[PDB]
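Here's the structure we're looking at; comments come further down.
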Number of protein chains: 6
Amino acid sequence: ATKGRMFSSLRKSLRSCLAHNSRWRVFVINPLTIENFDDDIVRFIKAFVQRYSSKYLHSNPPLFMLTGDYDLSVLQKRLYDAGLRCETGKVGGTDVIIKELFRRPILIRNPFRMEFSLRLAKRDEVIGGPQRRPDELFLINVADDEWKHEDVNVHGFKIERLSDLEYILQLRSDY
Amino acid sequence: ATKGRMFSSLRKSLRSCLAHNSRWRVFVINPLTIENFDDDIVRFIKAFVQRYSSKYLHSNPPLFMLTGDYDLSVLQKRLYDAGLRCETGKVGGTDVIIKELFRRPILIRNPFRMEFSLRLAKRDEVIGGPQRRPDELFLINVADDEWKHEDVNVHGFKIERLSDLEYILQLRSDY
Amino acid sequence: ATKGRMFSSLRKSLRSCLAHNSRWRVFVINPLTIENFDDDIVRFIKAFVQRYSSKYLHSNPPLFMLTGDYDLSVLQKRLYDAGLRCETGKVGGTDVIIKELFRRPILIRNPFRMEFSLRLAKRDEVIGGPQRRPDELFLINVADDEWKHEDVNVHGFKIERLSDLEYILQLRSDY
Amino acid sequence: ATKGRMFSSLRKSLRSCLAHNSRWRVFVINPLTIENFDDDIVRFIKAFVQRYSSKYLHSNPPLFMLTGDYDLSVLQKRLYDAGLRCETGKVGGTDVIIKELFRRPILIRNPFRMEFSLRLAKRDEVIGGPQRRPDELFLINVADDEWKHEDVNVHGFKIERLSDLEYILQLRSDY
Amino acid sequence: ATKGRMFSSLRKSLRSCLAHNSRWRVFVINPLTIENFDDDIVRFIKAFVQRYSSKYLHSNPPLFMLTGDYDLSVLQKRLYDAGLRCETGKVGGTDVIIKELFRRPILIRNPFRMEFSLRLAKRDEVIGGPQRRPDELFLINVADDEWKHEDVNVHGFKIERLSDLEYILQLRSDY
Amino acid sequence: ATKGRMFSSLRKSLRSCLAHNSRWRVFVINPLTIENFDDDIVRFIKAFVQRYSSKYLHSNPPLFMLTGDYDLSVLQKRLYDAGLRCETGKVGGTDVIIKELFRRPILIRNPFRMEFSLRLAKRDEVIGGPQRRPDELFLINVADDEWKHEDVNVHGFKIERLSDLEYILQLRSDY
């Protein structure tokens, strides 16, 4: 199983990167080459937020970006009905203001409430870059990107079905 | 055998979910093709309740839903004799009010007291849907249901005897 | 050999039950077909009581029922010599008052004191059943008994000598 | 060879017995058959007392009896030189008094101090028996004894060197 | 091939040394004989700082000394862009002072802040010796250095890529 | 080949003695045969002290005795440069006063401090013995000494490099 070994060793690589509590993680994806995405995506985001963005010491939420012509509004509605709230980065819905998408949330401890658990954007509309470079960048099926830099960890994969990523990221045991 | 193998992987598949103290779990069962049902059901429920609805942080109790012409009146008395109080939803005798079958119970810590430990209804009398969606829906031997949804996890199975499921859900440790 | 594997398989079926501090356990035993019973009975009881009936959380004590025409007085005197106390259920006469044999003891947390550790009786002289049915009903070398029911867990064995049981109930580490 | 595995088997039959903090243990030994008794006796008693009689929770110290013709004065002196104190049972004369030997010691917690850490005698001198019977009796290279009873956990071995016994008593790691 | 074993052994030799919280560690590196160094150095240094210089019990920051004609001005800026502060020993002028480099930093516990995390230098510019001979010295592709002494725990390696050393120093999980 | 097992056997034999905190240990050494002694002696002593004489619960420091024509002064100066302090038993004069070498040090808990960490002396000079006998006596490359007695654990080895002992005594992880 040459391919299965790829996933197993890749899972063993990324261990220390995800042990930390506070880190700036960023994801990019392309959905035209992932089978059964529209049905499989919300379960994924809820599982990730439940493991790595559902406590106090988890200061910085993740950023999911997408490529293509995908329609985000419907996904925002579905995630809201699921139970989560997102920072779109918009004021009026015209176009993204960078400064808001990359801001710090309000955190209370007793009782724990978190202003938002995730960030959601599209890649084209996000024109520019942040002030503090990302610690990790996860490129799921995208060849090139503009945030690649020498001093940023970078990972690049090709997955056919999302479950594989759920295994790489300690969310389901069986491949 | 073949079935001996699959159940191990399925037992391992659900270890993450059941660790969460708070969750909404829903069970749908069919007793026509389950051998030796009328004898084992009470013990199954008793073990489940002691495992996952016996403490404080176990907030939301589960929902066992049966399909067919079963008789609940006898089961509720057998259970009261065993020591468990149940929530059917009836106020008057005839029909089920969806709002009362999904309410939150009173919880006293010191000394620990529960208003109830389980909720039980027949599937046909429960005409409607819930305000919030279930997290996990176990469909033991039922082909299709109305509450299937993309954003809701679904595990569908076939089992010969109720002893087969106690292994899957960590109530026994052989087979 | 193969018979040992039987005992090993049993040792596991019974693990979770004994992990519970409080539970109503019952024993029915037949001495006619056990080897060297009168030589080992007291060692067996003393071990069981030390492991499962010597702490405050262990509120419900066990019952040992012996079938056959046997002499309890001598065993009781031996047990008093051994340091234990018992609850025969009798008040100065032959008859066995049932309400007095299934009562709760007095417990003082600091310092540890216990009114009685074990319950002892003879099956012929018990006419009736407890209001709260037993969680476990072991049946060592007896075929059928009256307290068998659908919602009572039953475990029926055959044993050549008592050293075989101690291994099943986690008193002696090896076979 | 095969004998060593027998020793390894005996080693784990005794693990529960010795885990207890308060227990009365007794030993009988026959020097004539053991090689290098005089050379290793003190080392053995010192290890045993370092592990099993060197704390407050360790209430009842052990009892070492030796049969045959042998001198206890030399051993008592060598032990005093080693650092340990012993209870002979004498009140100045040439006769023993059982109450004095089987008495309880003074125990202070802070700073921990023990009136005596062991008991020593010759079997021929001790004419009688104890009020409470031993929980464990270890016969070393002796067949019979008056204190054997159906309600005592008698253990019997045959040894050639004292290094073999230490392994059974969880002191030396290797054989 | 066979090369894996050597590194696996080194990884185990150096475990006790890297457990200690406070210790004076020194590093020498020659870049001419390493592939893709400019790209890796920064991630290497950051991964090292996180594990061994990101607490209050981590007293002495480590020292990195390069060999050759390398340009420090660029690296010292890249590290600031990454989020780190360094001590060079320079006071305005081109000359290097021994006292200011081997200096203890201000550490405030609650809240946690550190004057500096790392020390950087070019070998040839550093003339003299320290006050306390180092506890460990690491030679990476260097044959001889003056500080080699008979009371210093030297370790000499030979590497092809920096990812190897991260394995040796416990930074990454697998080769 | 076989030597690997001899040393691992010894390593496993002495695991119990060293777990203890307070204890009297003596070493006798004969450098005429050991290869590369002057080079590794100080690293040995520092490693040994860091683990067995660096806490407050470690009351008795160890004693290192060396045989033959050898000059201690230089080693004492070297251990001073390293960061340690030794007790030689000399009140000015060359003669060795025994009552001042086996004394108890001053120990403050918070803040920690040790008056001295190790003892060091030549064997020919020490004329006498201790008031209280030593628990363990490690003889390396020496036949017989005057402190051997039946009530002491007299270990004897034969080694040619000093790392061997570092493995036996648990300072180095792997042979």
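For the structure tokens, the naming scheme is as follows: chains receive sequential letters (A, B, ...) according to their order of presentation, residues are indexed from 1 within each chain, and ligands are indexed from 1 in presentation order.
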
Output as a ChimeraX atom specification the set of chain F residues within 10 Å of chain E, with distances taken over only C-alpha atoms.
/F:38-44,46,78-79,81-83,171-175

Excluding residue 141 (chain A) and residues on its chain fewer than 4 positions from it, collect all residues at most 8 Å away from it, counting only C-alpha atoms, and give them as JSON, numbers by chain.
{"A": [29, 30, 33, 156, 157, 158, 159]}

Name the residues of region 23-59 of chain E that fall into helix (DSSP H, G or I) according to DSSP on the backbone, using the chain letters and numbers of this document, as a PDB file with N, CA, C and O atoms, in the first residue's frame.
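The resulting part-v8.pdb:
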ATOM      1  N   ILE E  41      17.531  27.579   7.925  1.00  0.00           N
ATOM      2  CA  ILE E  41      18.131  28.033   9.179  1.00  0.00           C
ATOM      3  C   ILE E  41      17.081  28.612  10.121  1.00  0.00           C
ATOM      4  O   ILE E  41      17.088  28.343  11.329  1.00  0.00           O
ATOM      5  N   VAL E  42      16.191  29.447   9.595  1.00  0.00           N
ATOM      6  CA  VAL E  42      15.289  30.200  10.456  1.00  0.00           C
ATOM      7  C   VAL E  42      14.290  29.269  11.125  1.00  0.00           C
ATOM      8  O   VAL E  42      14.039  29.361  12.334  1.00  0.00           O
ATOM      9  N   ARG E  43      13.686  28.374  10.347  1.00  0.00           N
ATOM     10  CA  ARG E  43      12.777  27.394  10.921  1.00  0.00           C
ATOM     11  C   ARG E  43      13.489  26.520  11.941  1.00  0.00           C
ATOM     12  O   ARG E  43      12.926  26.195  12.993  1.00  0.00           O
ATOM     13  N   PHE E  44      14.734  26.144  11.655  1.00  0.00           N
ATOM     14  CA  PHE E  44      15.515  25.370  12.611  1.00  0.00           C
ATOM     15  C   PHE E  44      15.633  26.109  13.939  1.00  0.00           C
ATOM     16  O   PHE E  44      15.354  25.549  15.009  1.00  0.00           O
ATOM     17  N   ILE E  45      16.014  27.384  13.886  1.00  0.00           N
ATOM     18  CA  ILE E  45      16.251  28.138  15.112  1.00  0.00           C
ATOM     19  C   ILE E  45      14.955  28.339  15.879  1.00  0.00           C
ATOM     20  O   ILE E  45      14.932  28.264  17.115  1.00  0.00           O
ATOM     21  N   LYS E  46      13.861  28.590  15.174  1.00  0.00           N
ATOM     22  CA  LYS E  46      12.593  28.806  15.853  1.00  0.00           C
ATOM     23  C   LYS E  46      12.113  27.529  16.524  1.00  0.00           C
ATOM     24  O   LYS E  46      11.665  27.549  17.679  1.00  0.00           O
ATOM     25  N   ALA E  47      12.179  26.407  15.809  1.00  0.00           N
ATOM     26  CA  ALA E  47      11.822  25.133  16.410  1.00  0.00           C
ATOM     27  C   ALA E  47      12.677  24.825  17.626  1.00  0.00           C
ATOM     28  O   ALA E  47      12.191  24.209  18.580  1.00  0.00           O
ATOM     29  N   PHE E  48      13.947  25.229  17.618  1.00  0.00           N
ATOM     30  CA  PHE E  48      14.775  24.992  18.793  1.00  0.00           C
ATOM     31  C   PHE E  48      14.348  25.879  19.950  1.00  0.00           C
ATOM     32  O   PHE E  48      14.271  25.421  21.095  1.00  0.00           O
ATOM     33  N   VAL E  49      14.074  27.150  19.675  1.00  0.00           N
ATOM     34  CA  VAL E  49      13.706  28.069  20.743  1.00  0.00           C
ATOM     35  C   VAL E  49      12.411  27.632  21.409  1.00  0.00           C
ATOM     36  O   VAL E  49      12.269  27.724  22.633  1.00  0.00           O
ATOM     37  N   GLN E  50      11.441  27.164  20.625  1.00  0.00           N
ATOM     38  CA  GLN E  50      10.148  26.827  21.215  1.00  0.00           C
ATOM     39  C   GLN E  50      10.299  25.791  22.317  1.00  0.00           C
ATOM     40  O   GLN E  50       9.685  25.915  23.382  1.00  0.00           O
ATOM     41  N   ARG E  51      11.097  24.756  22.077  1.00  0.00           N
ATOM     42  CA  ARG E  51      11.166  23.644  23.011  1.00  0.00           C
ATOM     43  C   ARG E  51      12.065  23.947  24.201  1.00  0.00           C
ATOM     44  O   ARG E  51      11.741  23.568  25.331  1.00  0.00           O
ATOM     45  N   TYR E  52      13.191  24.623  23.977  1.00  0.00           N
ATOM     46  CA  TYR E  52      14.206  24.771  25.002  1.00  0.00           C
ATOM     47  C   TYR E  52      14.466  26.193  25.476  1.00  0.00           C
ATOM     48  O   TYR E  52      15.306  26.377  26.364  1.00  0.00           O
TER      49      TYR E  52
END

How many Å separate CA of residue 123 (chain F) from CA of residue 155 (chain F)?
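We find that CA of residue 123 (chain F) and CA of residue 155 (chain F) lie 17.8 Å from each other.
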
Taking 5 positions as the minimum chain separation for residues in the same chain, which residues sit within 10 Å of residue 91 (chain D) when counting only C-alpha atoms? Answer as a PDB file with C-alpha atoms, in the first residue's frame.
ATOM      1  CA  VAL D  96       9.833 -16.625  77.018  1.00  0.00           C
ATOM      2  CA  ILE D  97       6.493 -14.923  77.619  1.00  0.00           C
ATOM      3  CA  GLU D 100       5.542  -9.830  75.377  1.00  0.00           C
TER       4      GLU D 100
END

Residues within 10 Å of residue 126 (chain B), please, as a PyMOL selection string. Count only C-alpha atoms; anything in the same chain fewer than 2 positions from it doesn't count.
chain B and resi 65+89+95-98+101+121-124+128-129

Quick one: pull the distance between CA of residue 2 (chain D) and CA of residue 11 (chain F), Å, one decimal.
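Interatomic distance here is 25.1 Å.
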